[PDB]
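Each chain carries a letter (A, B, C, D, E and F) given by its place in the written order, and its residues are counted from 1.
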Amino acid sequence: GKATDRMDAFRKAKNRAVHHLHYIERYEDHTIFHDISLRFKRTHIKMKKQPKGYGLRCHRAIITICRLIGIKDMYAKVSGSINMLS
Amino acid sequence: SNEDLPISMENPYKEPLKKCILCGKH
Amino acid sequence: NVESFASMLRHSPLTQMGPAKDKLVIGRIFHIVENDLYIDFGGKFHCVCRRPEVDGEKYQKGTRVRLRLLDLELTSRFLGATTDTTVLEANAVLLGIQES
Amino acid sequence: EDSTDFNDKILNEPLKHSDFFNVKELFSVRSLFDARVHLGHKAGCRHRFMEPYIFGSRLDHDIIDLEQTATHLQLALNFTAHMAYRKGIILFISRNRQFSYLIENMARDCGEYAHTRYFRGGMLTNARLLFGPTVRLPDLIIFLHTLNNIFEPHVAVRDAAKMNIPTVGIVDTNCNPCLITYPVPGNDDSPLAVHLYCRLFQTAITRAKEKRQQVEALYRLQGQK
Amino acid sequence: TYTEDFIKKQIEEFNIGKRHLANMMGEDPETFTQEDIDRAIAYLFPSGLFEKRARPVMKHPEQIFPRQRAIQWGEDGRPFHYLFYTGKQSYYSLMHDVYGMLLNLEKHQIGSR
Amino acid sequence: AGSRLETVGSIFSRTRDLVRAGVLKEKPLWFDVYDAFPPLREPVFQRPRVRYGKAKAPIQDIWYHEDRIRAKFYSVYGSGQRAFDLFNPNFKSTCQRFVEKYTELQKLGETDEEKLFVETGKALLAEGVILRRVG
């Protein structure tokens, strides 16, 4: 969301995020089904499936996303350009 | 099966390649 | 017992016509806009011709005319394009009027 | 109780039949052939994702497999009939300027809606801000010409995909059926083909509405007695 | 946005005020015209503002209030006009009618600004 | 809430997941019909790409055995006087009639192709068909 006022930017981004929703399949409602390796615009993401109790040792941003999604355990390593959007 | 299916052939309506006025002449 | 699509296509008049170049066909006029005869034949697209200067008054809607088709569709690929630009129309020469 | 019984005997009943509205009799392979459905554009104008539907090329002109066209048309008509049965809003969208008058007349006769004019931005993704907060979006969109006047895919199909509106679209040999729910590979330029499509869809909608009234009237009569 | 019910209330208020105004001026309420209303308003409320629209005005609610179209969707939400999803149904229907009449004519075949 | 990501799965897949997650309180009107009669191909956005290298389109030309006869009759004896009437589904041109006679004589079992062509011309002359050669 973009706006001259920061509060307006918060409102616009939030109201557009609720319309644009993905669906994430959680294995046993705590992890991902299989390890995922991907590259997106010079950003390498490598996620490892973990057993229960492992925790979210992924990233400060990925922890926030995983908590919102509902994932409890994962290990993600980010390499290359650390860009929040990518 | 069916005999009306198209077969594999070279183009029979293809015209011969055009030749210059001096083709074949020393 | 039911006719197959391959059989229909094989025996269709358009297939047995062969190449469309310099072939005499019969078209029917269905639209006239300012001396522009939008003649229609048994093809995907129509052909637009000009009303003949000699006794052109008889060229009205529903009139059947004789045409010499040159191309069923005018498509051409130009510089920098990834596809052929098309005019969605055919090319033909208005020979005259079909008479029975 | 009564509402659940009403829904089960009226809405769920046709879903248990392969062809509840009997749309097979409407069209046949020979009828499509006489309507010049199989004709297509040049091989140079051929677009990807249409190759499976294209039967072949005949003198630099694509030919569409009418066997696949009949199956796709059967599914499209069945979906159209069920949506009309369910009191759904059907919108006919076509940017072609040769059949705009015919398509608008078809919408009037069948009782549904049409859009054959310039498609202003935001008619679907921003409909509430233009028509009104309580506007009801169409439940089905039928494309008779998926390409705009610059030989590119229409923006309505992308907007319908965004808004989760199923689309029944006629696709020629130079269209993109990737985002069309029910693509019908045929000819979108021959007047005979366009008239045939309008009549088939008009008949399917009219039969669905009439059968809905007959079933509802019969159910009310059975409930009374 | 003014609703039809609000317009009806304004019409009723206009009629009541018109009869009251005729009573104040001591004339026949039945044979009272808009010109008579304008004269009474001008005398009772003399305004010298050069712009006429800034002066007190008592006219019929139909003329005073703007014009708004009816809601195209009912309780079920179904639009009433086939060319509704074009956003300009009135214009496009008019263009449709003109084009149809032009086709019909083809089948058959100073002070005006 | 809904989902406006048209490039991520189909409309049905997105709707089904949202209903499963409880985001969509009520399923749409088309959901039941789609589930009952799904299309042959699920509509998923796929980007077209150019065919580089030696890749060729699988679309093949349409040819028949009679195409040799039609090409030969369009070269020698030229196009017929009768104008093609493509409106009539049962139209039979002079070239097609020549092809049919050539096929019939082939069914009889003549060996020489040149003699087969000449005999076909003789049959049309006997029938009265006008044969005006271009040369």
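Here is the rule we go by: a residue touches a chain if its C-beta (ideal position, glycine included) is under 8 Å from a C-beta of that chain, and two chains touch if they have at least 3 such contacts.
Composition by chain, UniProt nomenclature: D = Small ribosomal subunit protein uS2m; F = Small ribosomal subunit protein mS23.
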| item | value |
| --- | --- |
| Central chain (by mean CA position) | D |
| Between chain B and chain E, centroid-to-centroid distance (C-alpha), Å | 77 |
| Whole-Å separation of chain centres (CA-atom averages), chain A against chain C | 60 |
| Interchain centroid distance [CA atoms averaged], chain D/chain F, Å | 23 |
| Contacts with 2+ other chains: residues of chain D | 47, 56, 58-59, 63 |
| Contacts with 2+ other chains: residues of chain C | 9-10, 12, 15, 18-19, 42-43 |
| Junction residues of chain F, two or more chains touched | 2-4, 14, 60-62, 64, 67, 70-71, 74, 89 |
| Chain-to-chain touches, reported pairwise for every pair that qualifies | A-F, B-C, B-F, C-D, C-F, D-E, D-F |
| Interfacial residue positions of chain A with respect to chain F in the complex | 18-23 |
| Residues of chain C that touch chain F when the two form their complex | 9-10, 12-19, 22-26, 28, 41-43, 66, 82, 98 |
| Footprint of chain D on chain E - complex, ascending | 71-73, 76-79, 82-88, 92, 96, 99-100, 103 |
| Partner chain B, residues of chain C touching it in the complex | 4, 6-7, 9-10, 18-19 |
| In the complex with chain F, residue positions of chain B that touch it | 6-9, 11-13 |
